[PDB]
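The next block holds one structure in the form of structure tokens; read it before the comments.
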Amino acid sequence: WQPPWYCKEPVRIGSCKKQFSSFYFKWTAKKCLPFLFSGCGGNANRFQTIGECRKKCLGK
């Protein structure tokens, strides 16, 4: 692994009055940080558990 898209890909929440759990891979950290996603306006840097986290941005 060498870093592709995901790691440097921006965190987006969206805007509607319910939030679902998410993790984004933080590029200057080297691990995933938690947030919550609303639904109405995200991207694709969102790992559903912290075990999916490492498969896009570490080579594991």
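Header entry for method reads solution NMR.
Yeah, the Cβs are placed from backbone N, Cα and C, and that goes for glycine too.
As given in Swiss-Prot:
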DOMAIN    7-57  domain 'BPTI/Kunitz inhibitor'
DISULFID  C7-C57  disulfide bond
DISULFID  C16-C40  disulfide bond
DISULFID  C32-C53  disulfide bond
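Annotated features, which come from Swiss-Prot, shown on the structure.
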| residue | record | Cβ within 10 Å |
| --- | --- | --- |
| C7 | disulfide bond | 19 |
| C16 | disulfide bond | 10 |
| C32 | disulfide bond | 24 |
| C40 | disulfide bond | 11 |
| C53 | disulfide bond | 20 |
| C57 | disulfide bond | 24 |
Length of the line joining the Cα atoms of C57 (disulfide bond) and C40 (disulfide bond), in Å: 25
Listed disulfide-bonded residues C7, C16, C40, filtered to Cα within 10 Å of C32 (disulfide bond): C7
Euclidean distance between Cα atoms of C53 (disulfide bond) and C7 (disulfide bond), Å: 10
Number of helical, extended and coil residues in the domain 'BPTI/Kunitz inhibitor' (7-57), per DSSP: 6 helix, 15 strand, 30 coil
Distance [Cα-Cα, Å, rounded] between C53 (disulfide bond) and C16 (disulfide bond): 25
